[PDB]
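# pasting the first chains of the complex, positions unchanged:
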Amino acid sequence: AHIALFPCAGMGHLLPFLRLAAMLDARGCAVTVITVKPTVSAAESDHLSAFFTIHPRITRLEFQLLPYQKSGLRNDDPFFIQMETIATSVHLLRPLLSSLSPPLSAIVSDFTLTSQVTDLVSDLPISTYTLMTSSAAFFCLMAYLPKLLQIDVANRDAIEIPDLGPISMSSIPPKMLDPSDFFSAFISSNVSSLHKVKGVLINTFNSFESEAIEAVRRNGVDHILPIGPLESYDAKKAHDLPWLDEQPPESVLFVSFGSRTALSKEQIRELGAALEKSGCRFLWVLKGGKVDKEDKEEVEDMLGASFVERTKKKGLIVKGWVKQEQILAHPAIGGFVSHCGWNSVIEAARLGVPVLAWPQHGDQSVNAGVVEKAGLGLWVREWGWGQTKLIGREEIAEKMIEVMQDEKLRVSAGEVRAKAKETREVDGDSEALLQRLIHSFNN
Amino acid sequence: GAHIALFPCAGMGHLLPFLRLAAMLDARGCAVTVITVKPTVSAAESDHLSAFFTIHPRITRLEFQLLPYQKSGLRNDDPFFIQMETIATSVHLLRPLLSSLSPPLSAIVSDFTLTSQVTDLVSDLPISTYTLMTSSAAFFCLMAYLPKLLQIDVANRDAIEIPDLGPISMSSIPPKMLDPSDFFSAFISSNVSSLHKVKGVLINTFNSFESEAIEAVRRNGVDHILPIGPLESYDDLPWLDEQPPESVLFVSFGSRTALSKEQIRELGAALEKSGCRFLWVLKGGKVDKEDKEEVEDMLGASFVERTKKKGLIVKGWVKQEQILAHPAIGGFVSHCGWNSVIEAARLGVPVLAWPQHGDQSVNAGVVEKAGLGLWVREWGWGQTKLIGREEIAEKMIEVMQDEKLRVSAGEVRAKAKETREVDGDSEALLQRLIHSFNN
Amino acid sequence: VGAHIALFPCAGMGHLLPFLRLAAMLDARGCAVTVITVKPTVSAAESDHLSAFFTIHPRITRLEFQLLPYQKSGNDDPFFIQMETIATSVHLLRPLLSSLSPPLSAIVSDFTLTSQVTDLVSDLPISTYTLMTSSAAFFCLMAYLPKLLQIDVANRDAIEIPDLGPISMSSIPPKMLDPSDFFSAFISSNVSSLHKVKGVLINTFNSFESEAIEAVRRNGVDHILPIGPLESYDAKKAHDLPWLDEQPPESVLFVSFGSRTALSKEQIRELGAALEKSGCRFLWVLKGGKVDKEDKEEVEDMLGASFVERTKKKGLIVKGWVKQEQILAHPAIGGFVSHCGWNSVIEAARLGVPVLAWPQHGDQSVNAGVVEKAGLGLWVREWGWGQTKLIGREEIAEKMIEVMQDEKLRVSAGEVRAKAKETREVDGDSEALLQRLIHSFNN
């Protein structure tokens, strides 16, 4: 059994695949990870090198992707644009995969690359699997998109997905409904070819999304396999830990908005105003420059010296990559503020951190809903879309205060934390399924 | 400097012609949107749509999601025709989408099959409606008269007179056209009746080619005929570059028609008998490219090996415009579907006409009458009757042989060229049409 | 495999499983098979079954029909509303059938929807056939219901069909004898649409039902073909009989009440008590949910702790689904307790396993009658429609002991198995017809 992982662009796409790959390797499959160059963000490149030196037996397959060529799919995002570039070049890898010395039994592809990858292994003896980065609830929305697009003539309230509670129209992203945009075209193109996949891997546990996992199973994606939460490859040298150790437990509030999400210039100053006003201890990851890490070459001239001095007693503001999974594990962090990209969300759940939900773009709003549903965190729907909306200091601060002091949440959040543990256990469903899956791989 | 939207109907024959026009309008400074629908019937349509847009970025594309097929009286057993029924129900979906188009629509060019439903869609909206017709004028004359024809017994009639043109033989009319329930008949009949509500009816033919019919249509209701043929290309060779000029015979039956297994064996045998170097495009999968998974298991292992010196046969989407243009090809064997015929004229390639179904027989006659190609009546309908290798062979040789025929096609080729010219009538008509659109 | 064949099963395991078997049989015999399914499936099991079929038999394509919203009133049955929701979307087979590459030479449609596809077989001239999943004697009663329900509609000791042993009214379901019930309308209307069919296949042979084959032949079904017993499909597993290996041959009683739950909880317990008294070693597959796989969430709350412990070393209980055919085939199994669903009855005869008959509902009672006549099993008539009467453990125990020690039955039962094989063998009568039908089909 030889298994190959093909992640797309983004640390949200990259991190999950590497994490699984390490898990697969630990459980004894021969694992190859497919990377292509160049990569959009510095972290992906730096990470890949670190991952491989830590895991030596995993093979690295590197292919330089063809120069960006396109027609259609209006895209204004660098990570999405790279995904299109990888997808248009996946068909040129057929010659290489055919001749590999230890031939691949199966490929675990990225959702975005599933259509091109499914065509690629058509006449090769390789099972095709897809790993889903996002939540199961978002997958229900993805499955319903053709039905949603066909019967979506009216802009009114929410659409009832068939086996679970109806989602508000505000939660569905406007880009998803426009067929011209890449987000919609890629979502639609991949769901059509999901039927050619042997199994679809998900990063949620049965306890976390019982309705969403069950609804998809009866809605035609009958091969769904929950394997979440994914485990860290625990490879790390740089220590940014020291300030936290000084902090009392649970005092600190962690704010981060993912790998490639940035706030408005008015929002960065209003969020900073709220952090001061709240009086809470905090850790802020500032990603003012934007998605790309390389072009975000600025160095804390977003707030000014005046602000740092006021907050230094209660806060540390870090601009750069931070070891998020480690920070979350720390006794000091009792709160998290998230765009609710799923991988952060899953981590918050595994480590039991209360979450304050703040979607900016795409699936974040629905995932925010899941986060609210499970008690993981508090979500304010009225806030709506970050990047489409601005929230003042008064509003932000009160919520920040409220999350820090909800004991019901802290108690509730822990319960999810326990459930995530059970699933990893040998009895627990998620590990068992993977163990079940792994055997399958041997053919 | 106006917004005009073009809405095609299912199939390549109905899709390629619309795209070529959309590109053509864009060339002349028109803002253009193309209203496509999902999902497609065929891979080619989907593939072509994507390519077109990458090549003509200025052109907008509008995507519609199909409703499910709906029970209606009509009898249909064809995948493409069925899709047409589905697209037709779906037009009403359009209403809210039209009210928000970035630049307000000046007019919408709709398909003949989609004309009845589209005309009602914008009856209230201040939008001029035009329709573009895939088939020939000669067929069109038959279509216009169908509603009258539907009420007359017309049985045991060898031939039926058409009002300002000579009567078509019954032989060249599809039986299903004259049975009211069948979709083919119903869609043609229903749409003609609504034609009055269209400002103009665009036909992919030119005055030199179809002059008698073009007048004939005009004097019987449809005075809004605007021939602007032949539509330009919006925009397998390696074997060909090796070939001698004119030495190659090209066989194709279009994007949505396949030949019976018994018939197919005979055709290959004829090609072997003929000895003409040939490029044969084979569709064994009846109609669908997605479902035509068979890969030359149709001819046999032995067959190709013998024919390798004198032939190349492919199963797959050939580029028809480029193959015809190439110097080598000396004849076309065609179902005589109009778009194919129209490209045949443009490149002055002699055609041996073998209509298979539907409009094709009337079209076939125009091919012969024009002197473009030779058609034998006795062969009648393909997919209804099968003809021998021996008969097929003589005819295949003859088209290659005839030099008068080669000369005749050239006159057809020049006339086609003439219409394109700024002086020429068809190019002039499109421009006149363009002026009219009023923002 | 030149000829192109599609079989369409609408709903229920009993309907679904035989059709898959016919499909497998056709492919083995040189047809190219498409299998049509309608989603969402009523039960998890059909879906479980279908996915495995396609993965196990990969040269057979899967054609799915997505069902439309339904809302009719007059809650009946979940498989009867699904049988009528498949007829509310049976015009969605038009686009699919027109697109199929090698066009259909013949389609085999479940008898529940033969009246709705009539129009579809005229437009696209598909020679259509249908496979009956009931007994040949119960199909006779189904096939004469229209002519019997024209005359005085009432109940007598025995109602008679033309040329076969009169059927008692205690074997006939009461809802079939009232002409204003849903049931009759669907049966009367689909027997009228049997004249448009080119052949009618049934899952039986002529040694098993000699009179029914001729009674059905001399009463309006001259194109009836008995192709029984249907062959078994593959599944790849077996961690269901660790105890079965330890148990001695022919010593184990297999209790199955079919795809769905049968008797009331109170009644079952008496059998459980009954099983204990008998001493029969047993493998029991219990379906808690009387009709839905998805709905059944009960476990050890059906029989009580009291029983499960006492039989701990002598019998095992499996909740949910088991591979019934593989189990019966096992050397260990020596008796069968059945609800006498017809499909189950034909395999018992096919596998030569002795039956104790406990028909619960519907056609099962007539099947019980067939089992008796064949000499396949022991049947008690007075036990009655399920839940009609409560049967004491002592009465149940005696029949069970009688089944274990009844030698003539084994001899007769052994004799039935040889005949079933005889039909399957290439010279065989049932085998001959299936081979013949393919010969007729035209490319």
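Alright, I've got the coordinates. Numbering: from 1, shown residues only, chains lettered A, B, ... in the order given.

# ok, the closest residue to chain B within the stretch 301-443 of chain A to residue A:296 distance?
The minimum distance from the stretch 301-443 of chain A to chain B, using CB to the nearest CB, falls at residue A:388 (18.9 Å). Any C-beta I mention is one placed from the backbone N, CA and C, and that applies to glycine too. Distance from residue A:388 to residue A:296, counting by CB to CB, to the nearest Å: 21 Å.

# When those two are compared, which one has more neighbours?
Neighbour totals were compared for residue A:388 and residue A:296, and residue A:296 leads with 19 against 12 (other CB atoms under 10 Å in any protein chain shown).

# Dihedrals phi and psi, that one?
Reported as degrees, to the nearest 10, the phi and psi values for residue A:296 are phi -80, psi 60.

# Would you check that it makes contact with residue A:285?
No. Counting by CB atoms under 8 Å, residue A:296 stays clear of residue A:285, with 11.6 Å between them.

# Please enumerate the shared neighbours of those two.
Here residue A:296 and residue A:285 have residue A:319 as joint contacts, going by CB atoms under 8 Å, 6 or more residues apart in numbering or on different chains.

# Which residues of chain A lie near chain B?
Within reach of chain B by CB under 8 Å from any CB of the partner chain, chain A has these residues: A:70, A:71, A:72, A:146, A:149, A:150, A:153, A:154, A:179, A:180, A:188, A:192.

# for chain A, longest helix please?
Counting by DSSP state H, the longest helix found in chain A is helix A:407-424.

# which other helices and strands contact that one?
Counting contacts by 3 or more CB pairs under 8 Å, 6 or more residues apart in numbering or on different chains; DSSP states H and E, helix A:407-424 is packed against helix A:342-351, strand A:377-379, helix A:429-441.

# quick check: angle from that helix to helix A:342-351?
Per axes from the mean of the first three to the mean of the last three CA atoms, to 10 degrees, the angle that helix A:407-424 makes with helix A:342-351 is 100 degrees.

# include chain D as well:
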Amino acid sequence: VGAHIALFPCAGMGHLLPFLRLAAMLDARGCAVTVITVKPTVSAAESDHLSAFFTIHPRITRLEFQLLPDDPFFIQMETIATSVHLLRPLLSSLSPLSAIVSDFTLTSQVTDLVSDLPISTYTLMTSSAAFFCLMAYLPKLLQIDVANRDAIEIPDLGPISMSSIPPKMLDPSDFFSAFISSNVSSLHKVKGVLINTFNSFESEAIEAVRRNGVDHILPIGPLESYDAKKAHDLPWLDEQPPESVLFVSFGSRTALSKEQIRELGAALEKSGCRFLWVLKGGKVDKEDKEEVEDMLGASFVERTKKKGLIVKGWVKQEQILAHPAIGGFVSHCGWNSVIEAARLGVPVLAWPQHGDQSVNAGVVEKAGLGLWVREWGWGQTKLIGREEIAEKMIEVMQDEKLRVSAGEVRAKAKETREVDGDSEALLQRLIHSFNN
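Below is chain D, added to the chains above:
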């Protein structure tokens, strides 16, 4: 300095030099400027200028598009269009643009681009207000007349003769017409238009564009020099008396034949003007040009070696024109050059070889900036005598009125350059409009 801006010129120094000045001007006004360039660059000089510009301005970022596979300058302008999508990644990774200012030639391709990555876009024209309208009114004119007449009229603009108009622009078939006509149509998308002009130079011209639907035209002329400092070159410049030197530059490309060029070379010595001559060998390409000063002849060099100096290659024009020594300018009349002359107040003689320039010569005449002879016409068409030239050449040196008229023009240019004046005011305003 909050606002962040990017410039994009495809080809020619006709466009790049102005764009860069636009880039520098924008940086001065508090704008984060990114300059986008196309590679490989057609000319070694074009490449040469860019490296210097970034190096001279550290704080202006450079973003580049590598290019995928008639006139080289026109064809390349065509190539940039092919690869325009390549722009898409670049915009996505930017540290996002408040606006982009793009070349006229490729505006049509970008329209799709602007709409997906929402960026307000502008174009800056390197041609005169009178000529832009001829481009601007061209599309209607071509379809309506389809004929050749001695003079043509742009609605509120005094008709200029066909003789000025370039022949290729006239032909419908020609590639040039498609580019010009198409692009103006695309002109609708832009939230502003900029031309290197001031109202005073062409009140009539600017108005017609305002009248004619180019409502959004903004004239920001003259553009400030983006320059190097300080090189000890032209010791031959400092030496001479004020206004003693005639500087000759026919372009950023060659313009006339060796025999036609020889007549001016012979005319120059008869004229007696001291001169600094910029002589380019390549008709259109600096890399292509590998000829020494043998078109003029050995003899010419020996005779005049004290009198004047000849530079083969490139020189800094603004730097040279600004000098006290320069009192006369001979120009091929490319607008960028013409504008430089007005801002520097140096009398011009107009000898336009090709294209827009003859119309540009007309503007000079209305202005009083320089002396022009219409009859000389399109370059290489006719041979103009050495004797005929000198009389005009001497006249340029010794005309008192011209000096006065020229003096005003420089004065007029400044007033717009200063804070009160409109060209300065609009720049201030546009930047203000720009939204973070």
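
# rewinding a little: name the residues of the longest helix of chain A that are buried.
Residues of helix A:407-424 classed as buried by neighbour count (16 or more other CB atoms under 10 Å in any protein chain shown): A:409, A:410, A:412, A:413, A:416, A:417, A:419, A:420, A:423, A:424.

# Surely residue A:79 is in contact with residue A:14?
No. The criterion here is CB under 8 Å, and residue A:79 misses it with residue A:14 at 10.2 Å.

# Which residue ranges make up the domains of chain A?
A:2-233+A:421-441, A:241-420 (curated CATH domains).

# Skipping its backbone neighbours, what lies nearest residue A:247 in space?
Of all residues not flanking residue A:247 in the chain, residue A:332 sits nearest, at 4.0 Å (CB to CB, 6 or more residues apart in numbering or on different chains).

# ok, the one you found - contacts?
Neighbour list for residue A:332: A:244, A:245, A:247, A:248, A:249, A:250, A:251, A:252, A:281 [criterion: CB under 8 Å, 6+ apart].

# From the residues you listed, keep the buried residues only.
A:244, A:247, A:250, A:251, A:252, A:281.

# what's the closest non-adjacent residue to the third one?
Counting by CB to CB, 6+ apart, residue A:334 is the residue found nearest to residue A:250 once chain neighbours are left out, at 3.2 Å.

# how many other residues sit next to residue A:156?
7.

# which parts of the stretch 51-200 of chain A sit against chain D?
Residues of the stretch 51-200 of chain A lying near chain D (CB under 8 Å from any CB): A:67, A:68, A:69, A:70, A:74, A:75, A:76, A:77, A:78, A:81, A:82.

# can you count the residues close to the fifth one?
In other words, residue A:74. Count around residue A:74 with other CB under 10 Å applied: 18.

# Quickly list what it is bridged to.
For residue A:74, the beta-bridge partners under DSSP bridges are residue A:181.
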